[PDB]
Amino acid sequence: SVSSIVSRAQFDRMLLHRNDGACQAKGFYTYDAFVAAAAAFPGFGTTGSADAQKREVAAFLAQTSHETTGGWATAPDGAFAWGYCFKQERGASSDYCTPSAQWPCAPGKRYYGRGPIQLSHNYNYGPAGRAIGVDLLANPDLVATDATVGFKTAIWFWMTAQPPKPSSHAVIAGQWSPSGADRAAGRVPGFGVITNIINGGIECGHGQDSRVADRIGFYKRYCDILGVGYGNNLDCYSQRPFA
């Protein structure tokens, strides 16, 4: 199960400052909630080689650490020790509702960024809730008040494809192969393609980009704590975004 690959001690060393008083989400993200969330998704952190299993929870934690980071260049223990400092978007004005017959907005609810992957919009809360068995359309706020559904939404994102993009799971675990178009676009297996899946339209294909470098910094630090090599193709600086 995932606690066979990452211990409570490793998880706290990775998310070193999440419980400092300056972080909004102080005391929300617990190892226990992470473990409870992971066993709703067989396959997460238990597919492939033991090395790939370790690269998966490191990559998952790296990417969600960048979406919730509270670091700054001179932060204590470096900017890559400050992931998971936030649980919700906060500066948002919008309610992130796009009227939909498929995933209808609940009156008065707002679908701003919540949890580890900062899940946004009614058309993302809907399928996520359907998959984990809770009506997230009616109560999106559960993603910022219940830490295991918070983690489940993030793992759901990780495990689900969004065609033409593969799931992040499939590429880190070796269950995705680039088509001709992906290869022609420089999209080949590695951490870089996961960044491309998550935010490639903004971040990938235009040389060194600081947000991509932030993602990679957390990945490397988590890989070192887990004692696994990083694999190759860590950036997406010359990959075309998925289209």
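Numbers for residues come from their place in the sequence shown, where the first is 1.
Trainee: Look over 114 to 122 and 69 to 77 in the entry and identify the one with the greater average Cα temperature factor.
Mentor: Mean B over CA atoms: larger for 69 to 77.
Trainee: According to the deposited model, is the average Cα temperature factor higher in 148 to 156 or in 134 to 142?
Mentor: That would be 134 to 142.
Trainee: Whose C-alpha has the highest temperature factor in the PDB entry: 185, 58, 37, 198?
Mentor: Of 185, 58, 37, 198, 185 has the highest C-alpha B-factor.
Trainee: Considering every modelled residue of the chain and its Cα B-factor in the PDB entry, is residue 97 in the lowest, middle or highest third?
Mentor: Answer is highest: the recorded C-alpha B-factor places it there.
Trainee: Is the Cα B-factor recorded for residue 174 in the lowest, middle or highest third of its chain?
Mentor: Tercile = middle for this residue's CA B-factor.
Trainee: Sort the modelled residues of this chain by their C-alpha B factor and say whether residue 236 lands in the lowest, middle or highest third.
Mentor: As the PDB entry reports it, the C-alpha B-factor of residue 236 lands in the lowest third of its chain.
Trainee: Ranking every modelled residue in this chain by its Cα temperature factor as given in the entry, which third contains residue 51?
Mentor: Its C-alpha B-factor belongs to the highest third of this chain's values.
Trainee: What third of the chain, by the recorded C-alpha B-factor, contains residue 106?
Mentor: Its C-alpha B-factor, which the entry lists for residue 106, ranks in the middle third among residues of this chain.
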